[PDB]
Amino acid sequence: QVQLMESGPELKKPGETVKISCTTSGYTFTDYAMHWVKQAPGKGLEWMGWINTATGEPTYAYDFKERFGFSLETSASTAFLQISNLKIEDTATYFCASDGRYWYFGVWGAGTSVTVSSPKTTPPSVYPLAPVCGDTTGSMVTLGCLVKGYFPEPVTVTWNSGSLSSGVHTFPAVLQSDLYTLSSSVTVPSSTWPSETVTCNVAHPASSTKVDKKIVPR
Amino acid sequence: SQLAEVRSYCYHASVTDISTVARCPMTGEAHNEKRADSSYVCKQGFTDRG
């Protein structure tokens, strides 16, 4: 079976170098070129180029030239994407492909998310959020959990060990000083709080911090 | 009295901004982006490769 796996999420800093690996299976490696496609932070897919594999020849898209590279290893069927002088604007997801030439490809790579930032590994600030009188609308009391300033991704935010997923919305996090801030809100009826325990469980194995915070009434 | 300008001749020249785009064998023609401007003097060629 043809399945293209890549190096996983990579943590980088501006000014360094990286070689992004693409490991291929199900076919002879030198027989298919590797189409490299960058996904811009705005979710634009920007095509990096294809490497003639035989012959080991990279073909760059002009915008990607001279700070990027395509290198290969034939025996283990691993294609490599080399990047020099890392830049924060390069934070993105990268992809490889098994070449069907002028019709592109039938199989997409697993993807590689490069993160170029200059933070310190940090545990999140996990705050139980007490709803006020105006926060109780329509028989339900909405509760929330602020996850503030954690690096790196991901964080597992559950509620009462994940026992209640009903009204749980775990929102994405964006960059603040290269730190991530997200919030998660559980929606339970007003009869369940503060009658029943509601505790947001934030598991951040990257910083090795599992935080448990219960919301208390005011 | 009056003399029209027929043409001119540049006898003395100097080389500026040497640029050579290398490519692999069997790729046929090599194309440098400098062939757009007429100020750049471009020429084909080859490099024996190992």
For the structure I just gave you, tell me whether B:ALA4 is exposed (fewer than 10 other Cβ atoms within 10 Å of the Cβ) and within 13 Å of the chain's Cα centre (by Cα). no
Could you list all residues from region A:48-85 that are within 14 Å of chain B (Cβ to nearest Cβ), in contact with a strand residue (DSSP E or B) (Cβ under 9 Å, 6 or more places away or on another chain), assigned to a loop (DSSP other than H, G, I, E, B) and not polar (S, T, N, Q)? A:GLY56, A:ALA61, A:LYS65, A:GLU66
Looking only at region A:28-47, how many residues end up being touching a residue at least 40 places away in the same chain (Cβ under 8 Å) and either within 14 Å of chain B (Cβ to nearest Cβ) or surrounded by 14 or more Cβ atoms within 10 Å (Cβ to Cβ) (or both)? 10
Residues in region A:122-137: is at least one under 24 Å from the mean Cα position of the chain (by Cα) and more than 29 Å from A:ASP212 (Cα to Cα)? no
Output the number of the condition that B:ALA30 fails; it satisfies all remaining conditions of (1) under 20 Å from the mean Cα position of the chain (by Cα); (2) small (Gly, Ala, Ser); (3) under 21 Å from A:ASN52 (Cα atoms); (4) surrounded by fewer than 10 Cβ atoms within 10 Å (Cβ to Cβ). (4)
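If we keep just the residues of region A:167-197 that are among the hydroxyl-bearing types (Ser, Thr, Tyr) and farther than 29 Å from A:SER139 by Cα, which is farthest from the chain's Cα centre (by Cα)?
Here is the first cut: in region A:167-197, the ones among the hydroxyl-bearing types (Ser, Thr, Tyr) are A:170, A:177, A:180-181, A:183-185, A:187, A:190-192, A:195, A:197.
Narrowing the set further to residues that are farther than 29 Å from A:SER139 by Cα leaves A:177, A:180-181.
Values: A:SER177: 18, A:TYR180: 12, A:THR181: 14 Å.
Residue satisfying both the conditions and the ranking: A:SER177.
Of the residues that make up region A:124-136, is at least one closer than 30 Å to A:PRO41 by Cβ and surrounded by 19 or more Cβ atoms within 10 Å (Cβ to Cβ)?
Initial filter on region A:124-136 (closer than 30 Å to A:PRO41 by Cβ): A:124-127, A:129.
Those left that are additionally surrounded by 19 or more Cβ atoms within 10 Å (Cβ to Cβ): A:124, A:126.
Yes, that holds for at least one residue.
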Being touching a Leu at 6+ places or on another chain (Cβ under 6 Å), part of a strand (DSSP E or B) and in contact (Cβ under 8 Å) with a residue 40 or more places away in the chain is true for just one of A:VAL186, A:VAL211, A:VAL157. Which residue is that? A:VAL186
Could you please give the count of residues in region A:19-55 that are among the hydrophobic types (A, V, I, L, M, F, W, C) and under 22 Å from A:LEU179 (Cα atoms)? 1
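We place every Cβ from the backbone using ideal geometry, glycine too, and count neighbours over all the protein chains shown. Since every read-out is calculated from the coordinates, none of them should be taken as a lab result.
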